Amino acid sequence: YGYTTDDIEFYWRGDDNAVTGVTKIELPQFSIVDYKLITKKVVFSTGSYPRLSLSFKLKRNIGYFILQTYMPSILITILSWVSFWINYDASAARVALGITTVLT
Amino acid sequence: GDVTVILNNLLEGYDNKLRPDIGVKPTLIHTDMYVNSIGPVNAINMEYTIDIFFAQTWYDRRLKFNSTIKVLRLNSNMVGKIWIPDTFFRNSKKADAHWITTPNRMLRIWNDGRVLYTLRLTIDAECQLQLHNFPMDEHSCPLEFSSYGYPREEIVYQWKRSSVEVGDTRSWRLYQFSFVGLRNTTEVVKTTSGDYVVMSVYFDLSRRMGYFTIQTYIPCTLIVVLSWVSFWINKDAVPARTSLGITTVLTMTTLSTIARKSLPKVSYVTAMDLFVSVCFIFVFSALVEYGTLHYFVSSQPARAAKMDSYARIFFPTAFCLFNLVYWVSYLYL
Amino acid sequence: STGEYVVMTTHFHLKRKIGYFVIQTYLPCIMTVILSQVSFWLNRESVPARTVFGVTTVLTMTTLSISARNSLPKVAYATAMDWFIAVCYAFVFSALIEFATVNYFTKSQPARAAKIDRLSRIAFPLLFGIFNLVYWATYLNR
Ligand SMILES: *[C@@H]1O[C@H](CO)[C@@H](O[C@@H]2O[C@H](CO)[C@@H](O[C@@H]3O[C@H](CO[C@H]4O[C@H](CO[C@H]5O[C@H](CO)[C@@H](O)[C@H](O)[C@@H]5O[C@H]5O[C@H](CO)[C@@H](O)[C@H](O)[C@@H]5O)[C@@H](O)[C@H](O[C@H]5O[C@H](CO)[C@@H](O)[C@H](O)[C@@H]5O)[C@@H]4O)[C@@H](O)[C@H](O[C@H]4O[C@H](CO)[C@@H](O)[C@H](O)[C@@H]4O[C@H]4O[C@H](CO)[C@@H](O)[C@H](O)[C@@H]4O[C@H]4O[C@H](CO)[C@@H](O)[C@H](O)[C@@H]4O)[C@@H]3O)[C@H](O)[C@H]2NC(C)=O)[C@H](O)[C@H]1NC(C)=O
Ligand SMILES: CCCCCCCCCCCCCCCCCCCC(=O)O[C@H](COC(=O)CCCCCCCCCCCCCC)COP(=O)(O)OCCN
Ligand SMILES: *[C@@H]1O[C@H](CO)[C@@H](O[C@@H]2O[C@H](CO)[C@@H](O)[C@H](O)[C@H]2NC(C)=O)[C@H](O)[C@H]1NC(C)=O
């Protein structure tokens with residue numbers, strides 16, 4: 001914050017072992033694909049300051065979503081399709097099915 | 001009187017930045033605890049609250065006096081003037097001491113330099129619960145602590161024989177679980193700074209069934225038998241049976257949503273969502289069965305007449321079998 | 001482990017007010033049970049009506065149990081409200097089972113069907129009243 005690039009210099013110690021403990025991180029929903037360590041300088045109205053960046057790339061898991069909100073949609077659409085086997089004489093059943101599926 | 005003179009002579013030429021025996025040998029610290037209450041174990045955040053009375057005792061040859069009084073008993077007004085080890089809990093999400101009305105601390109300096117330092121803590125420790133076998137799951141998840149800046153060559157911790165002593169175990173907020181035991185452990189870990197002596201206390205929790213038994217299991221089995229009730233209504237009344245099936249499916253999916261909303265987002269299949277999925281399948285199979293029955297009535301009536309009585313026996317037997325299998329398997333696993 | 005300490009204790013005795021739980025659980029449960037027993041006075045020819053009655057009352061009781069269990073802590077035993085909701089669920093399920101039995105005996109032994117229907121028009125309300133009296137008496141005396 002206070003010291004510009006002619007007063008302080010940031011660098012990672014090792015440049016690849018500076019950040020450890022990533023492979024041990026378990027997330028309930030995501031999965032750490034990789035992580036990058038960047039060293040650069042930013043320029044503000046008051047000076048040029050050093051900067052490091054630790055950038056993770058989280059990839060989201062899909063199992064929970066399939067079991068939670070994709071399967072019910074497919075089963076409700078199939079429950080809508082069953083109305084095609086019902087004969088056209090029953091007007092209170094096919095309506096029922098279709099309306100209920102729409103609501104769901 | 002003369003205790004003021006002793007306290008003044010102990011703090012004359014005293015540097016509270018240098019551990020006792022800074023360049024001789026590591027400082028042996030004996031740690032004890034007193035678990036007041038193990039707070040609620042919420043699985044959503046994979047954490048659990050605990051309230052303890054952390055006691056640390058070590059030897060300080062600089063706080064060594066020679067008078068008639070054997071022990072100096074002091075409040076938290078002299079804790080910030082002597083050396084105090086920087087013990088921190090390595091798996092605590094958020095923890096804090098108590099300050100009402102006066103900082104809850106105690107300092108007892110014996111005659112030969114032996115110091116006892118006790119404080120009250122409320123630690124929100126972290127433990128990644130493996131939410132398989134849910135809700136028939138058992139966990140054993142720890143509370144780890146070690147020095148922060150002093151490696152193994154400077155600070156060595158060591159349990160006492162009767163170190164960890166739980167309280168009454170009855171007025172605790174362990175709702176869904178049940179305390180079954182504990183065990184202490186000492187190891188050495190490697191860090192970018194050095195080698196540290198890490199102590200651990202493992203608490204064994206067993207999830208008692210109940211809330212889930214009455215929140216999801218009974219509702220879903222009662223929905224299954226509700227879906228079976230349709231097998232006895234006459235096959236000519238189409239709208240009644242279609243309404244039965246579709247509303248039963250709707251309630252089933254609502255109950256599955258709630259049951260999964262109980263525990264956090266996990267990408268694997270537990271033992272509860274498996275149950276609600278089997279129940280869903282049952283209801284869907286009863287509905288497609290009635291659909292095929294109604295479709296075959298137009299083609300061949302005797303086929304449907306036999307199919308109805310076949311299903312009336314085939315469904316409850318398959319459900320009893322499923323239950324038996326499921327329950328026995330998980331209770332043995 | 002350190003010594004003997006003097007401890008001053010102060011208990012504040014409390015007593016829960018049942019008005020809100022009455023209004024939001026016991027009235028909906030009782031009204032659902034009544035709406036369910038209404039399905040006995042409908043004629044035996046209207047099957048879809050009684051089926052709707054039964055199914056919707058069972059669903060209402062399920063959602064009522066769910067909404068009633070949310071207010072409390074996640075406790076691992078059964079409360080009094082839990083017993084009341086269980087008994088009301090049993091009553092609605094028994095009404096549905098009776099309708100199913102009547103429909104099963106209809107068109108084959110309609111005398112027996114009409115007999116059990118006219119008997120269930122009196123057996124359910126008296127049993128529910130007796131259960132209400134027993135429950136309220138044994139739980140308000142304490
Ligand atoms: C970013 O900014 C943040 C905000 O500025 C900043 O947070 C602040 O950090 C500082 C330092 O870390 C904190 O200051 C210290 O706080 C310690 C305890 O903190 C707890 O309590 C405070 C409230 O403090 C009141 O209550 C205590 C306990 O009663 C009193 O001791 C205090 O004096 C104070 O009392 C006044 O206020 C009361 C009303 O509350 C009145 O009733 C009372 O009459 C007084 O008027 C809480 O706010 C804290 O919560 C925060 O911190 C926790 C930490 O875990 C967080 O979890 C939480 O979320 C909050 O963030 C916490 O609960 C004090 O003990 C400490 O003072 C001692 O240490 C200093 C330094 O060593 C000494 O100089 C000082 O003299 C004190 O030592 C004396 O007392 C101790 C008692 O243990 C003795 O052992 C010791 O020997 C010494 O006694 C000697 O001297 C005495 C005179 O001093 C004498 O009487 C004795 O006889 C003897 O001779 C210090 O005040 C500050 O609270 C934080 N503020 C906030 C809002 O968090 C943060 O760090 C910054 N971040 C970074 C990266 O920099
Ligand atoms: C103080 C009260 C506390 C009790 C607690 C719960 C009680 C539930 C509500 C009452 C149950 C039934 C009410 C009295 C019986 C009705 C009277 C006429 C019926 C009858 O004749 O009996 C047969 C059964 O019908 C029927 O009535 C069939 C339904 C009866 C039981 C069905 C099983 C449902 C299970 C409920 C639990 C499920 C979920 C619970 C969480 C009809 O036919 P029949 O030919 O045999 O009659 C032989 C004569 N012809
Ligand atoms: C707490 O830690 C102490 C010290 O490690 C354990 O005490 C040892 O217990 C074993 C078997 O019980 C004995 O063979 C050792 O002699 C004991 N050591 C000392 C120094 O007393 C104690 O068992 C631990 N508590 C547990 C695991 O619950």
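Ligands are counted one by one from 1 in listed order, and the atoms in each one are counted from 1 as well. Numbered from 1 within each chain, the chains take letters A, B, ... in sequence-line order.
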Could you work out, for [atom], the closest of [options] by heavy-atom distance?
atom: atom 44 (P) of ligand 2; options: B/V225, C/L127, C/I116; value: C/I116
atom: atom 14 (C) of ligand 2; options: C/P125, C/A111, C/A123, C/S36; value: C/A123
atom: atom 28 (C) of ligand 2; options: C/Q37, C/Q109, C/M61, C/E98; value: C/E98

Can you pull out the closest protein heavy atom to [atom]? Residue, atom name and distance to 0.1 Å, please.
atom: atom 4 (C) of ligand 2; answer: C/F91 CE1, 3.6 Å
atom: atom 21 (O) of ligand 3; answer: B/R161 CB, 3.8 Å
atom: atom 39 (C) of ligand 2; answer: B/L222 CD2, 3.5 Å
atom: atom 29 (C) of ligand 2; answer: C/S94 O, 3.1 Å

Give a yes or no on whether [atom] lies under 4.0 Å from any heavy atom of the protein.
atom: atom 15 (C) of ligand 3; result: no
atom: atom 3 (C) of ligand 3; result: yes
atom: atom 26 (C) of ligand 3; result: yes
atom: atom 89 (O) of ligand 1; result: yes

Does the B/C220 SG fall under 2.5 Å from that of B/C279?
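The answer is no, since B/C220 and B/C279 keep their SG atoms 2.5 Å or more apart.
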Do you know which two heavy atoms are closest between B/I155 and B/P26, and how far apart they sit?
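So the minimum-distance heavy-atom pair works out to N-CB, 4.3 Å.
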What are the two closest non-hydrogen atoms of B/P85 and B/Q56, and how far apart are they?
CG-NE2, 3.8 Å
Heteroatom proximity flag, B/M78 to ligand 1, N/O under 3.5 Å
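Such a contact does not occur with ligand 1.
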Quick check: B/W99 and ligand 1, any N/O pair under 3.5 Å apart?
yes
Within the structure, does B/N184 bring an N/O atom to less than 3.5 angstrom of an N/O atom in ligand 3?
yes
Closer than 4.0 Å to some heavy atom of B/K81 - which atoms of ligand 1 meet that?
87 (O), 89 (O), 90 (C), 99 (C), 100 (O)
Just which atoms of ligand 1 are under 4.0 Å from any heavy atom in B/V79?
85 (O)
For B/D51 and B/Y34, does a side-chain donor sit closer than 3.5 Å to a side-chain acceptor?
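Looking only at side-chain atoms, B/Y34 and B/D51 do not form any donor-acceptor pair under 3.5 Å.
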Show me which atoms of ligand 3 lie under 4.0 Å from any heavy atom of B/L182.
28 (O)
Atom indices of ligand 3 within 4.0 angstrom of B/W159 heavy atoms, with elements
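That gives atoms 2 (O) of ligand 3.
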Ring centroid separation B/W172 to B/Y48 under 6.0 Å:
no
Is the gap between the ring centers of B/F54 and B/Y117 under 6.0 Å?
no
If you measure every N/O of C/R112 against every N/O of ligand 2, is any gap under 3.5 Å?
yes
Applying a 4.0 Å heavy-atom criterion (strictly less than), which segment of C/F105 is in contact with ligand 2: side chain, backbone, both, or neither?
side chain
